[PDB]
Structures are given as C-alpha cells and as structure tokens.
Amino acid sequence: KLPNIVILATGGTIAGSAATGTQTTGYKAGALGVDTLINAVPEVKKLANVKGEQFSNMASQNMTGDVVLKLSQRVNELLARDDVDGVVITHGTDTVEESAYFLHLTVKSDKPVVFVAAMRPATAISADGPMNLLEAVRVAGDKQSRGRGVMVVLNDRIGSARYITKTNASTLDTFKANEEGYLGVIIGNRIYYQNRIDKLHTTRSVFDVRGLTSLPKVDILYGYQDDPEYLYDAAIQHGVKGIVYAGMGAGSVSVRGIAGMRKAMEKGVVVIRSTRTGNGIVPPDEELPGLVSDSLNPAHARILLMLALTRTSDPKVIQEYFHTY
C-alpha cells in the first residue's frame, strides 16, 4: 500500500495561469483546478494514492478567518477517516503562515497536514509548484512525518507552522525561520528530519473550534516614528477584542501608543506587543501595557490571540499560551 493522501486546494499562485512563461502580473492566482495540478506531476502517483478536493480557489491575500475555520473543520473530518493517511493543502504564499498556524493549533490528529505553495505561477518558466507539490506529498505520506505539527513545504524545506514565515516579497527561497530553522529538508527524494518543535500543537493543543462559525475580531497596528493614537481609537470603536502591536524593536511603545493601549485595555481589549523586526523575543516588561508575544511575529500572534479569546479573557492564561504555543 501506498499512503492515501487528499490534496485539498484553496487557490494561490500555485494554481495561477498566465498568457506567457515569463509573465508574473495580470494572471489570476487560483485559476487552475486541483486535478490540473495533480496531472502536471503524474510522478505523484508513484508516491501516493492521491485524491483532489477543491476547497476554494482564491488568492491568499483574500483568505479570511471564517474560511480558515471551515478549512480546519474540513481537515479534521478528513483526518478522522481510516482511509486518509495525510492531507496536503495547496495555498497562496502571502498568508499561508496564518492559515497554517491556525490549523497547527486546531487540528486534532497526528496525521500529517502539509501546506504547500508556489512563488511562480504554474505556467512560468522554471515554475516551483510542481516540485513543491511532489515534496509535500512525499512528506505527507511518510510515517516519520507523524506528530510533528503542521508543516509548510517549499523549495526542498519543511518548516513548522509556528516558526516559518514569508521573509521576502518575491523570491523562491522566501520561507525561512531565521532563529529556529527547518524541521527538515527533502533532498534526492529523501526526507531528512532535523528538529522537533518544542511547543504545543495539534493533539496536545487545548484549542478546538469544531462547531464555531466565527472568531473574535483582532487587528494589527504598526509601530513607527510618529505612530498615531487615533488608530487605537478606531480599532476600539469598531469592536476589536484584541490588538496585536507590530512594535518598534522589542515591542517598544511610544507615548502615543501607550495612551492608545491604556484606552484599549480600559475597554477590555487584550493587547499583545509583538515586533515589526521579523524575528526574536519580545520579553516581559511589567512597566509597559499589554502582554508580550514571545517569538510570535504579528501575523502568528493575531491567530493565537483570536483562538485564545474563544476560550478565555484571562491575561495570565493568554500570556502562558504565548509562551507555550
């Protein structure tokens, strides 16, 4: 027996199709159907019995928490089946780290869930999607891949959903985790596992969203010279339950940001101080408002905070989640 893998498609440049091979604008991300991706790499059938299912077909900049919630619920159904050994999810690069991390916290199975994406459309010269998809299927079907949390596979690398991020606007090697590295790499049709993440996920995670149809509102505000108080006022006004702050340095806040945060907290908004820098630890500091994001970047921090707020409003518990998830 080959493993049985479902390829659950959501869209992205991996399913993008353009007029010529050199073209990288004007084409639609999420134009091609899941079977077209599979038929472009017939080699996948030597690795697994694959079945394509079209979940959606959108550019990932339009992916929304309400859709991601349904994606999570669907993956959980699929993995509950005896005839499904793993799932590969095709997705746009722009917000794959948000969807992936969401599933990392909410999927109740040790079976592999592997997000895969492409920086060049399927019609491009030296398109990356075909090899990226092959590698994702190899990963999803290996018995050694079980219990590792949700994975993001591109460019011969296996990244943990919790650490991996799109570090570059436009390159093929954009997905990196500068301080945490890759869980593994795929070279010469062989998987080499290097690390296991030392964080809670999947079957050891408290978060369960089955039955939910929507999520708490969380917005992200940037920190910079002359950052304005009025954006905190606007967020509070629009009923946010959480604000993630993409702070200067180690979550440092200006006098204007401190004023906005204190206002937010008066209204019961939970504030998380993250960093705009790209990497590293925002340490605890009792003198400043809000909780701290540990090493979660702003986009990951929003996902965790949303999920946390489905369960609790207790700052002590939420802070512990940030240190452990």
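For every residue, the number given is its place in the sequence shown, counted from 1.
Mean C-alpha B-factor is higher over 23-31 than over the other stretch, the pair under comparison being 64-72 and 23-31. Higher mean CA B-factor, judged across 120-128 and 78-86 from the recorded values: 78-86. You'll see in the entry that, of 265, 299, 281, 59, the Cα B factor peaks at 265. Among the modelled residues of the chain, residue 174 sits in the lowest third by CA temperature factor in this PDB entry. Sort the modelled residues of the chain by CA B factor and residue 272 lands in the lowest third. The PDB entry assigns residue 137 a C-alpha temperature factor belonging to the lowest third of its chain's modelled residues. Among the modelled residues of the chain, residue 239 sits in the highest third by CA temperature factor in this PDB entry. Compared with the other modelled residues of the chain, the Cα B-factor recorded for residue 8 ranks in the lowest third.
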